[PDB]
Amino acid sequence: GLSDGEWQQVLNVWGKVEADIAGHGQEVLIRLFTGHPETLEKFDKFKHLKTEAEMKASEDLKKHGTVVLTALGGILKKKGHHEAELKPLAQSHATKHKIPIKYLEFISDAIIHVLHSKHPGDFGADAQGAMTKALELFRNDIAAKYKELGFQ
Ligand code: HEM
């Protein structure tokens, strides 16, 4: 798990996201979709997005970005004690949305990329390390639920 010091960094970094949850949410999804087109196909409500221009101009995409980051933030604030918050998400994404754990890896890297892109020189080595560990814990706990379900 993460140390108290690492959790403090994680939530300090998250402060950046909460100042513009919609903007960060939108960029994360755009980075995910442009970098891994196959992911777009998992969203029937975003498959109509042919170009990045259409993506950036989609208010619903920004809306979902907020839903996604608000959920992740709630989980992060639990500092590891997220069984109740994480279980339902793991279940919906494996059973309903059919999202391979690989796509969670993609969005994890996307979050790291967007933080550096929006806050160049303001996302330190220590901060990236803490945030990375938090995202891996998240991904690892979901992976456990995925194995339980036998979802690949
Ligand atoms: C940081 C990781 C993620 C979080 C916190 C997250 C969160 C959410 C939340 C809170 C919902 C609505 C409630 C439910 O349907 O569970 C949702 C829906 C959904 N998610 Fe995720 N998600 C994540 C990653 C992904 C990834 C990587 C994909 C696939 C590329 C994905 C695909 C979907 C789809 C297809 C829906 C349903 C959208 C709709 O039709 O309205 N999610 N997600």
# chains A, B, ... in the order shown; residues from 1 in each chain; ligands from 1

call {"tool": "select_by_dssp", "arguments": {"residues": "range 4-139 of chain A", "states": "helix (DSSP H, G or I)", "output": "ChimeraX atom specification"}}
result
/A:4-19,21-35,37-40,52-56,59-76,83-96,101-118,125-139

call {"tool": "residues_around", "arguments": {"residues": "range 49-51 of chain A", "least_positions_apart": "3", "cutoff": "12 Å", "atoms": "only C-alpha atoms", "output": "short mmCIF file (atom, residue, chain, number, x, y, z; two decimals) with C-alpha atoms, in the first residue's frame"}}
result
data_model
loop_
_atom_site.label_atom_id
_atom_site.label_comp_id
_atom_site.auth_asym_id
_atom_site.auth_seq_id
_atom_site.Cartn_x
_atom_site.Cartn_y
_atom_site.Cartn_z
CA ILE A 30 -9.64 12.45 -25.40
CA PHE A 33 -9.73 7.73 -27.30
CA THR A 34 -7.13 9.25 -29.61
CA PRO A 37 -9.30 4.06 -30.78
CA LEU A 40 -14.04 4.48 -28.19
CA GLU A 41 -15.96 1.47 -29.51
CA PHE A 43 -19.01 3.64 -25.72
CA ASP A 44 -22.03 3.54 -28.00
CA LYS A 45 -22.68 7.15 -26.99
CA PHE A 46 -19.27 8.34 -28.23
CA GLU A 54 -15.89 16.59 -32.46
CA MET A 55 -14.54 15.15 -29.18
CA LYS A 56 -13.48 18.52 -27.79
CA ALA A 57 -16.83 19.97 -28.88
CA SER A 58 -18.88 17.20 -27.24
CA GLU A 59 -20.56 18.45 -24.07
CA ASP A 60 -21.66 14.93 -23.20
CA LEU A 61 -18.05 13.74 -23.33
#

call {"tool": "closest_residue", "arguments": {"among": "A:85, A:148, A:105, A:126", "to": "residue 5 in chain A", "atoms": "only C-alpha atoms"}}
result
A:126

call {"tool": "residues_near_ligand", "arguments": {"ligand": "ligand 1", "cutoff": "6 Å", "atoms": "only C-alpha atoms and all ligand atoms", "output": "list in words"}}
result
residues 39, 42, 43, 45, 67, 68, 69, 71, 72, 89, 92, 97, 99, 103, 104 and 107 of chain A

call {"tool": "residues_around", "arguments": {"residues": "residue 77 in chain A", "least_positions_apart": "2", "cutoff": "10 Å", "atoms": "only C-alpha atoms", "output": "MDAnalysis selection string"}}
result
chainID A and resid 7:8 10:11 14 72:75 79:82

call {"tool": "atom_distance", "arguments": {"atom1": "CA of residue 3 in chain A", "atom2": "CA of residue 106 in chain A"}}
result
24.9 Å

call {"tool": "residues_around", "arguments": {"residues": "residue 114 in chain A", "least_positions_apart": "6", "cutoff": "8 Å", "atoms": "only C-alpha atoms", "output": "list in words"}}
result
residues 24, 27, 28 and 31 of chain A

call {"tool": "write_last_selection", "arguments": {"atoms": "N, CA and C atoms", "output": "PDB file, in the first residue's frame"}}
result
ATOM      1  N   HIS A  24     -10.144  18.462 -16.890  1.00  0.00           N
ATOM      2  CA  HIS A  24      -9.272  17.311 -16.721  1.00  0.00           C
ATOM      3  C   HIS A  24      -9.976  16.057 -17.240  1.00  0.00           C
ATOM      4  N   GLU A  27      -9.965  15.964 -21.152  1.00  0.00           N
ATOM      5  CA  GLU A  27      -8.645  15.665 -21.699  1.00  0.00           C
ATOM      6  C   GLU A  27      -8.220  14.217 -21.472  1.00  0.00           C
ATOM      7  N   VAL A  28      -8.570  13.659 -20.319  1.00  0.00           N
ATOM      8  CA  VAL A  28      -8.223  12.267 -20.049  1.00  0.00           C
ATOM      9  C   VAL A  28      -8.913  11.383 -21.091  1.00  0.00           C
ATOM     10  N   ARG A  31      -7.448  11.808 -24.580  1.00  0.00           N
ATOM     11  CA  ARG A  31      -6.141  11.167 -24.649  1.00  0.00           C
ATOM     12  C   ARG A  31      -6.359   9.658 -24.798  1.00  0.00           C
TER      13      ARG A  31
END

call {"tool": "residues_around", "arguments": {"residues": "residue 16 in chain A", "least_positions_apart": "4", "cutoff": "12 Å", "atoms": "only C-alpha atoms", "output": "CSV table (one decimal) with C-alpha atoms, in the first residue's frame"}}
result
chain,number,residue,atom,x,y,z
A,9,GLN,CA,0.8,13.7,-2.1
A,10,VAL,CA,-1.9,11.9,-4.0
A,11,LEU,CA,-4.6,14.1,-2.5
A,12,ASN,CA,-2.5,17.2,-2.9
A,20,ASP,CA,-11.3,22.0,-13.1
A,21,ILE,CA,-12.9,18.5,-13.0
A,22,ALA,CA,-14.6,18.9,-16.4
A,23,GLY,CA,-11.4,20.1,-18.2
A,24,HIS,CA,-9.3,17.3,-16.7
A,25,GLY,CA,-12.0,14.7,-17.3
A,69,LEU,CA,-13.1,11.7,-12.3
A,73,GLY,CA,-11.7,11.0,-6.6
A,111,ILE,CA,-4.3,10.6,-16.2
A,114,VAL,CA,-2.8,14.9,-18.6
A,115,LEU,CA,-1.5,16.0,-15.3
A,116,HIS,CA,1.9,16.7,-16.8
A,118,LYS,CA,-1.9,20.7,-17.8
A,119,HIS,CA,0.7,21.3,-15.1
A,122,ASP,CA,4.2,21.4,-11.3
A,123,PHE,CA,3.8,17.6,-11.1
A,127,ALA,CA,4.0,13.4,-6.9

call {"tool": "residues_around", "arguments": {"residues": "range 130-146 of chain A", "least_positions_apart": "4", "cutoff": "6 Å", "atoms": "only C-alpha atoms", "output": "NGL selection string"}}
result
:A and (6 or 10 or 90 or 150-151)

call {"tool": "closest_residue", "arguments": {"among": "A:2, A:17, A:32, A:84", "to": "residue 108 in chain A", "atoms": "only C-alpha atoms"}}
result
A:32

call {"tool": "atom_distance", "arguments": {"atom1": "CA of residue 101 in chain A", "atom2": "CA of residue 88 in chain A"}}
result
15.1 Å

call {"tool": "closest_residue", "arguments": {"among": "A:29, A:19, A:149, A:76", "to": "residue 96 in chain A", "atoms": "only C-alpha atoms"}}
result
A:149

call {"tool": "closest_residue", "arguments": {"among": "A:1, A:87, A:18, A:94", "to": "residue 70 in chain A", "atoms": "only C-alpha atoms"}}
result
A:18

call {"tool": "decode", "arguments": {"residues": "range 8-20 of chain A", "atoms": "N, CA, C and O atoms", "output": "compact mmCIF listing (two decimals), in the first residue's frame"}}
result
# COMPACT_ATOMS: atom_id res chain seq x y z
N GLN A 8 -0.81 11.68 1.15
CA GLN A 8 -0.91 13.14 1.24
C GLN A 8 -0.57 13.76 -0.11
O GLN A 8 -1.22 14.72 -0.54
N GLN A 9 0.44 13.22 -0.79
CA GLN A 9 0.84 13.71 -2.10
C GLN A 9 -0.28 13.47 -3.11
O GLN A 9 -0.61 14.35 -3.90
N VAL A 10 -0.85 12.27 -3.08
CA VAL A 10 -1.92 11.90 -3.99
C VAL A 10 -3.08 12.89 -3.89
O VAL A 10 -3.55 13.41 -4.90
N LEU A 11 -3.53 13.16 -2.67
CA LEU A 11 -4.64 14.08 -2.49
C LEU A 11 -4.24 15.53 -2.72
O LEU A 11 -5.09 16.38 -3.00
N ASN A 12 -2.95 15.83 -2.62
CA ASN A 12 -2.51 17.20 -2.87
C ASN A 12 -2.53 17.40 -4.39
O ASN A 12 -2.95 18.44 -4.88
N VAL A 13 -2.09 16.38 -5.12
CA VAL A 13 -2.09 16.42 -6.57
C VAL A 13 -3.54 16.49 -7.07
O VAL A 13 -3.84 17.22 -8.01
N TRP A 14 -4.42 15.74 -6.42
CA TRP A 14 -5.83 15.71 -6.83
C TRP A 14 -6.47 17.09 -6.72
O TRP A 14 -7.45 17.38 -7.40
N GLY A 15 -5.89 17.93 -5.87
CA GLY A 15 -6.41 19.28 -5.71
C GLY A 15 -6.44 19.98 -7.05
O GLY A 15 -7.29 20.83 -7.30
N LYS A 16 -5.49 19.62 -7.92
CA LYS A 16 -5.40 20.20 -9.25
C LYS A 16 -6.60 19.80 -10.09
O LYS A 16 -7.17 20.61 -10.82
N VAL A 17 -6.98 18.53 -9.98
CA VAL A 17 -8.11 18.01 -10.73
C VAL A 17 -9.44 18.65 -10.31
O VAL A 17 -10.27 18.99 -11.16
N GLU A 18 -9.62 18.83 -9.01
CA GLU A 18 -10.86 19.40 -8.49
C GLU A 18 -11.08 20.87 -8.83
O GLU A 18 -12.19 21.38 -8.68
N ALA A 19 -10.03 21.56 -9.28
CA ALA A 19 -10.18 22.97 -9.63
C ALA A 19 -10.84 23.09 -11.00
O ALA A 19 -11.44 24.11 -11.33
N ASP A 20 -10.72 22.03 -11.81
CA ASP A 20 -11.32 21.98 -13.14
C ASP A 20 -11.55 20.51 -13.50
O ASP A 20 -10.90 19.94 -14.37
